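Participant: Below you'll find the structure I mean.
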Amino acid sequence: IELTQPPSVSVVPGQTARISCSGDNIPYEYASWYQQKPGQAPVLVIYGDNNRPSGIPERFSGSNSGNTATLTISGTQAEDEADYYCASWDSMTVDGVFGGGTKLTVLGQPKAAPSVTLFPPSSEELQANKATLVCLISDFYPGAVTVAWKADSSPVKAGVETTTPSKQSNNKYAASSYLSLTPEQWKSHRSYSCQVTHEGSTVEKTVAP
Amino acid sequence: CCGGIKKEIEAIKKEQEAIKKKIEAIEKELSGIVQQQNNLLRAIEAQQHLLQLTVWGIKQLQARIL
Amino acid sequence: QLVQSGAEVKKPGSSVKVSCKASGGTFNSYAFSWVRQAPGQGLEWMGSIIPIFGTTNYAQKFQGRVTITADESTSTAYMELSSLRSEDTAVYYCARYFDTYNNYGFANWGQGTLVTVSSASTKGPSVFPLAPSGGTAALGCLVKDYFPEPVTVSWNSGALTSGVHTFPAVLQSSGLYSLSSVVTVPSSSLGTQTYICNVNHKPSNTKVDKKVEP
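Protein chains in written order, with the entry's author numbering: chain L, 2 to 210; chain A, 2 to 67; chain H, 3 to 52, 52A, 53 to 134, 140 to 220.
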């Protein structure tokens, strides 16, 4: 037995959303749906004959029709943007089986600009032959992020590393950029900027050695 | 008219007070049942659960075979 | 309700147990499954056990490699996968079903257990305090080139919680990770309170504390 979902499904804020689970030797009361937000265990939302666990919002309903499970959200929300899974049991083998998941997207959307911050080197790390600088891009939408570091005044690219953006609980993305370096080059050039562009603006932060 | 109030009030007041406590006893036994009726429900639901649990248990064993 | 063993690192071909303690409730009434998730991938179901008989059944992919057991005395389920290979690196979840009789769904989950199957080498973090000075103010910790995932950061032994943003890890070219964790606070509480940075990297058995102030 195997389950089949649309790999993603996108929707306008406040609409009916429908993920379909399909195949093959049927369930029905065995079928379950789960919502997983990034960095979290799945939370059962629907089970059996259209049943919500406790404290689950009514916008969620379970539909069924022969081969097919369909989770259905009425009037979707930003918080409903998550990855959804269907699951059921093979009646012969009793094996559990999950669908491949479905990224429900409500991409748009109410935009917020990257709040950037920069910590100086750890003074205790200076002691320890090193002095990395810590830049914290966060709270932005979309996940669009592209950064330029800078020493004193001259363009910089090499020597650093950066993280890809990742969705927060607040659905707004985040990032981190560091510059490991020698505990002498930092107390040689003065302040350090951080040119974080979000496809229009460019946000800095500057610390004094 | 009167004279026969002597023979009636002191008669069908006692038997009509032999009701005003032979009912005031039942109202215990009714809820002496709901006491039990509810434990029973509680008991069945416990078995029902063990049953589903054992069915699966059998499906799993049966699956281990053939 | 369900809480699992901590994250591990395993050499290829070796093995690993993972435990899950089911708190408060009758252990004989439970049914449990293990479900693993590879980074950025779907959930995949591995096996089930019914504690009160200890009858298990497993997915064919893992049959031979996986055993699941339970211990009623301690209310614990275990999964153990042997002959480990890279593709087994995953987060492993423990899930309870038959919450009620008609409910074939996984009503309760573990916090997850990250298991990492690389050949060498376990490395400890370099925990650093950060430099601080009704408005805004923010301090934090730095964890430098360690290996592998994950790494834990909590503040004041579990006290300080509100407005705290822990950040994801960069994996370096070196093959080591680093991450970052800061606390947002108003100007009106700086150099008075206490501020501990508690870091746990369980795989290296590293548990560290760290203080911070202007």
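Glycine is no exception: its CB is placed at the ideal position from the N, C-alpha and C atoms.
Given L:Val10, which residues of its chain have a CB within under 8 Å of its CB, disregarding the five upstream and five downstream residues?
Facilitator: Cβ within range, chain order: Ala18, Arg19, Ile20, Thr103, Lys104, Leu105 and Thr106.
Participant: To which residues of the same chain is L:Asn171 closer than 8 Å at the C-beta, ignoring the five residues directly before and after it?
Facilitator: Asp140, listed in sequence order.
Participant: Looking at H:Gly106: is its Cβ nearer than 9 Å to the Cβ of L:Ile47?
Facilitator: Yes.
Participant: Since H:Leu185 and H:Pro174 should fall inside the 8 Å C-beta cutoff, what is the C-beta to C-beta distance between them, to a whole number of angstroms?
Facilitator: The Cβ separation is near 6 Å, so the contact holds.
Participant: According to DSSP, is A:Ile27 part of a helix, a strand, or is it coil?
Facilitator: Three-state result, A:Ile27: helix.
Participant: Identify whether H:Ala165 lies in helix, strand or coil by the three-state DSSP scheme.
Facilitator: In the structure shown, H:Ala165 sits in coil (DSSP, three-state: anything other than H, G, I, E or B).
Participant: Out of L:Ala42, L:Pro14 and L:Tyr31, point me to the one whose CA is closest to L:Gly76's CA.
Facilitator: Of the candidates L:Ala42, L:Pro14 and L:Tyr31, the one whose C-alpha sits nearest the C-alpha of L:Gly76 is L:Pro14.
Participant: Could you tell me which of H:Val18, H:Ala78, H:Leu85 and H:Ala91 sits nearest to H:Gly44, measuring between CA atoms?
Facilitator: Ranking the options by Cα distance to H:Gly44, first place goes to H:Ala91.
Participant: From the DSSP output, read off the bridge partner residues of H:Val191.
Facilitator: Answer by DSSP bridge pairing, in chain order: H:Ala143.
Participant: In whole angstroms, what is the alpha-carbon distance linking H:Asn103 and H:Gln39?
Facilitator: Taking the straight line joining both Cα atoms gives about 26 Å.
Participant: State yes or no: is the C-beta of H:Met48 within less than 9 Å of the C-beta of H:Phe34?
Facilitator: No, the Cβ-Cβ distance between H:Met48 and H:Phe34 is not below 9 Å.
Participant: State the Cα-Cα distance for the pair L:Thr5 and L:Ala70, rounded to the nearest angstrom.
Facilitator: Going by the C-alpha atoms only, they are around 10 Å apart.
Participant: For A:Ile10, count neighbouring Cβ atoms within 10 angstroms of its own Cβ and tell me buried if that reaches 16, exposed if not.
Facilitator: Label assigned to A:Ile10: exposed.
Participant: List the residues of chain A that H:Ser76 touches, going by C-beta distances under 8 Å, in chain order.
Facilitator: Near H:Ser76 there are no residues of chain A at all, since even the closest Cβ is about 16 Å away, more than 8 Å.
Participant: Does the distance from the CB of residue 287 of chain L to the CB of L:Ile138 come in under 9 Å?
Facilitator: Given that chain L is displayed from residue 2 to residue 210, the structure contains no residue 287 of chain L and the question cannot be resolved.
Participant: Residues of the stretch 92 to 106 of chain L with a CB closer than 9 Å to any CB of chain H: list them in chain order, please.
Facilitator: For the stretch 92 to 106 of chain L, which is checked against every Cβ of chain H, the residues closer than 9 Å are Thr94, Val95, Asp96, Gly97, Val98, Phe99, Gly100, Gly101 and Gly102.
Participant: In the DSSP output, what is H:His171 paired with across the bridge?
Facilitator: According to DSSP, H:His171 bridges with H:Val188.
Participant: Using the beta-carbon of each residue, which ones in chain A are nearer than 8 Å to H:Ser35?
Facilitator: Result: empty, since nearest Cβ-Cβ is about 12 Å, beyond 8 Å.
Participant: So which of H:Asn30, H:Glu81, H:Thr114 and H:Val159 has the shortest CA-CA distance to H:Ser7?
Facilitator: Considering only alpha carbons, the answer is H:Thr114.
Participant: Among H:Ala132, H:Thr190, H:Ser210 and H:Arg86, which residue has its Cα nearest to the Cα of H:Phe153?
Facilitator: Of H:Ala132, H:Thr190, H:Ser210 and H:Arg86, the residue nearest in Cα terms is H:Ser210.
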